[PDB]
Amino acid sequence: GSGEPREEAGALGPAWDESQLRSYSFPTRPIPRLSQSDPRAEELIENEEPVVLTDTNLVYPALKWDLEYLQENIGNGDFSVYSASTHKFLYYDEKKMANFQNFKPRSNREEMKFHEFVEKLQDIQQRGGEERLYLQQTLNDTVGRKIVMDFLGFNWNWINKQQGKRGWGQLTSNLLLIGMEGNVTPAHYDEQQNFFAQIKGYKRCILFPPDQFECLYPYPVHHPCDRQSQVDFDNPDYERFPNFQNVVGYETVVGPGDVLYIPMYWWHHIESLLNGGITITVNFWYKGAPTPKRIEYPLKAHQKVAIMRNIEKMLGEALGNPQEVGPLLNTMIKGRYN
């Protein structure tokens, strides 16, 4: 798993204990925790494998952040706040909701000012209700001057060197994440390189390499939950998803000051620790390096995932209806390739 819980400086006790981790059916092994000066960390990022960097100082000015400080300085912009009846915040593409009419969302999005989100959070704690909120908002110009000064204080020297040494594309987005304890972002994979900068609280990160595509059963590309696993990690249906019994993850717990490299196309299941308070995270997303001119074989697992995605996209446009993608694929292989 995450190994033994780390001891905090000043003898302040264990940062967490195992009772704050949710229980699942699959084994894991630890993601390495290394210094940014460690060459092994450099070779992991280069080979697109996850690593937790403990001393980047990437978001050092943001480590003082909390709700009180942010509400006063984050400005009067709008923030996307997702609500959920349960602890699972399954994301859904609103653009693709037209393809699947028999899909009703379980986590409705709502725009609100930051002071409204802080107010709405404190009502749930007062009322003792079980409703959960998760702020997920991209940062921009509307933020106040002090947040701008903190942002400029980020270790741009280090992360821009990482961008150059890997040949990545440009920085596409900065996502601010503020979640309640026990909030779970279920397993999914992204298409860009991610630097996961933990700020407040602790998050358990369970990653799965791209070659376990067969064990995680993502939704159809045209489904609103595209790129997310169909498997309910809390109650896996081994009849529908038999190879989930073969899944093995990479696990770590990140805390304030840690940066987790989530490589492009790697599955990740992220949860804020139980009874751990609020969590704050800022992501750095970079387009991957361009596909090289001389195609080398055998193909990497994420390249085959890209191929499978393009086949499904091409079929949807070719047939004139994404719902015919399924039956044509079955017609193509039944009694011919299985």
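A residue's number is simply how far along the shown sequence it sits, counting from 1.
With respect to the recorded C-alpha B factors, which stretch has the higher mean value, 84 to 92 or 101 to 109? Higher of the two, by average CA B-factor, is 101 to 109.
Between the two ranges 305 to 313 and 285 to 293, the one averaging a larger CA B factor in the entry: Stretch with the higher mean C-alpha B-factor: 285 to 293.
Residue, from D226, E72, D211, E239, that the PDB entry assigns the highest Cα B-factor: Among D226, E72, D211, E239, the PDB entry lists the largest C-alpha B-factor for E72.
Please pick out which of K203, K200, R132, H188 has the largest Cα B-factor as recorded in the entry. Of the candidates given, the C-alpha B-factor peaks at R132.
State the tercile, meaning the lowest, middle or highest third, of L329 with respect to the CA B-factors recorded for its chain. CA B-factor rank for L329: lowest third.
Chain-relative CA temperature factor third for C215: For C215, whose C-alpha B-factor we compare with every modelled residue in the chain, the answer is the lowest third.
Taking the chain's C-alpha temperature factors as the reference, tell me which third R166 falls into: lowest, middle or highest. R166: CA B-factor falls in the middle third of its chain.
Where does the C-alpha B-factor of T279 rank in its chain, lowest, middle or highest third? Middle third of the chain for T279's C-alpha B-factor.
Chain thirds of CA B-factor: placement of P263: Lowest third of the chain for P263's C-alpha B-factor.
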